[PDB]
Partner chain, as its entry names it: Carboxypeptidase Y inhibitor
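Starting off, we have a lone chain in the form solved without the partner chain, written out as structure tokens.
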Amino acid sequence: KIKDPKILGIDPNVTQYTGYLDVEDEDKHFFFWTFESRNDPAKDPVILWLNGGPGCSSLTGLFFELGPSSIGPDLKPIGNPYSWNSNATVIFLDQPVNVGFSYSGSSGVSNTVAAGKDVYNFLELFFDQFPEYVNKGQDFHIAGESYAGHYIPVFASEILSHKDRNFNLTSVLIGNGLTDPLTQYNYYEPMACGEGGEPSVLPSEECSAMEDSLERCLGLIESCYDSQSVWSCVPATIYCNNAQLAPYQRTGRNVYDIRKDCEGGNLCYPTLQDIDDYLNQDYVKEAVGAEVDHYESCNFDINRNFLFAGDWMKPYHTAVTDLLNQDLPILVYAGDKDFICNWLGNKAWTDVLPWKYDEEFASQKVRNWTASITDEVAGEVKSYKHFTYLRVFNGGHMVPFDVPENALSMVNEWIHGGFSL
């Protein structure tokens, strides 16, 4: 049962549609909120936006970083001066199950593999009902941030797994995501210890603490990697997140933006408060016609189960290579002002992933990239065929929120410009 946002404020002109896609036998209720290109939906690609968590709603990217609408105290919509769908029809799915607005009576989803598994089951039901996005030869891609840096590849395989498919995937976008923990994990000390733009935030004492605490942390990532057992992956998580994330947290700096400060407990980004506010409202909860009673951003439970399952420490970075091997154009982009999923570490994981153009990628030199729109160096490229690593200058964990001009700049140009920067 689905309604149109035709009822809510949000994005007028274009033509939005929202609601649910259901799965009988499994009893799973997917929730989405689509928007048609501000230009031509017929030409313009298709996009799957994915937030992390794990267990966080995707609406958040919608009203907070790259959607059309925004949240004012007023709990009144706002137009985005640099929206994502400006030149493309976007999809705002609420995965996993029981996230944001989706739901179920009895499931699972205590891991990634099985999540994609449901995601593909929805991509085929959606494409079905709105076949108006393929036939025309409409390039479809997927994007996400943070934990989606786990999800994405895994979902990307899942999908490509079916030759059976009712659709085509063209590329992947991953922003400030967790992908190859084993490698990204050493980038914790460097980035907080004064080596990645902003300056040292931790007493050198604390720094050496991270450097001792490292060896141990890592052998744990390995064991998880090679074993994939709860017995190793679980302590690898707790231990590493301990030794390396907490010291920064103590300082009470924002975790998504080293420049901004945020003390422990409250929000780092309060405005998202208004968001959970606008969502639950009586009129707003109506339109969408969502069958949920109370909407939360994230679901503690889901988070917990992923954590208690080993999740976070599994080498999903492997999937990346297959996809590259299967000639899939990939884009790894990083806000350079974020601590939780640094550009230092996302840089490096890239710099070492194996794939056919393995040596050439590592050869190719870094170049300064010019924002499509604003005409200003906005980051730093490393490109090689369908695999590109970009460093977004003056960016936090949610790059679109911080630099909208540049994001879209980086966006369309990748969406359009021929899978290169």
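Numbering follows the first chain given and starts at 1. Between two forms, the rigid core is defined as the largest C-alpha subset superposing within 1.5 Å.
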Original post:
Mean CA B-factor: is it higher for 312 to 320 or for 342 to 350?
Top reply: 312 to 320
Original post:
Out of 376 to 384 and 43 to 51, which stretch has the higher average CA B-factor listed in the record?
Top reply: 43 to 51
Original post:
Out of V288, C298, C193, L173, which one has a C-alpha B factor higher than all the others in the entry?
Top reply: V288
Subject >> Most elevated Cα B-factor in the entry, residues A148, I91, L169, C233 >> reply: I91
Original post:
With respect to C-alpha B-factor, does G252 fall in the lowest, middle or highest third of the chain as deposited?
Top reply: middle
**OP:** Ordered by C-alpha B-factor within the chain, which third holds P400? Give me lowest, middle or highest, please.
**Re:** lowest
**OP:** Would you mind ranking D27 by its C-alpha B-factor against the rest of the chain and naming the third, lowest, middle or highest?
**Re:** highest
**OP:** Just say lowest, middle or highest third for the CA B-factor of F306 relative to the other modelled residues in its chain.
**Re:** lowest
**OP:** Ordered by C-alpha B-factor within the chain, which third holds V411? Give me lowest, middle or highest, please.
**Re:** lowest
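Keep in mind the form deposited with the partner chain bound is missing from the figure; the text below concerns it.
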**OP:** Name the single residue among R259, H162, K76, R250 that comes within 4.5 Å of the partner chain in the deposited bound form, judging by heavy atoms.
**Re:** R250
Original post:
So which of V255, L328, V134, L272 reaches within 4.5 angstroms of the partner chain in the deposited bound form, heavy atom to heavy atom?
Top reply: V255
**OP:** Using a 4.5 Å heavy atom cut-off, indicate which stretch of 306 to 314, 343 to 351, 319 to 327, 121 to 129 touches the partner chain in the deposited bound form.
**Re:** 306 to 314
Original post:
With the partner left out of view, is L178 within 4.5 angstroms of the partner chain in the deposited bound form by any non-hydrogen atom?
Top reply: yes
**OP:** Could you confirm whether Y333 comes within 4.5 Å of the partner chain in the deposited bound form, counting heavy atoms only?
**Re:** no
Original post:
Closest heavy atom of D301 to the partner chain in the deposited bound form, within 4.5 Å or not?
Top reply: yes
Original post:
So in the deposited bound form, does any heavy atom of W231 sit within 4.5 Å of the partner chain?
Top reply: yes
Subject >> Contact at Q138, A156 and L169 by the partner chain in the deposited bound form, all three, heavy atom at most 4.5 Å >> reply: no
Original post:
For the stretch 205 to 225, which residues lie within 4.5 Å of the partner chain in the deposited bound form by non-hydrogen atom distance?
Top reply: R216, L220
Subject >> Position that moves between the shown form and the other one after core superposition, taken from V113, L267, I238, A246, with Cα shift of 2 Å or more >> reply: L267
Subject >> Distance trend in the deposited bound form - C-alpha atoms of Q244 and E263, change of 3 Å or more >> reply: farther
**OP:** Answer with closer or farther for the CA-CA spacing of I221 and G264 in the deposited bound form compared to the shown form; it moves by 3 Å or more.
**Re:** farther
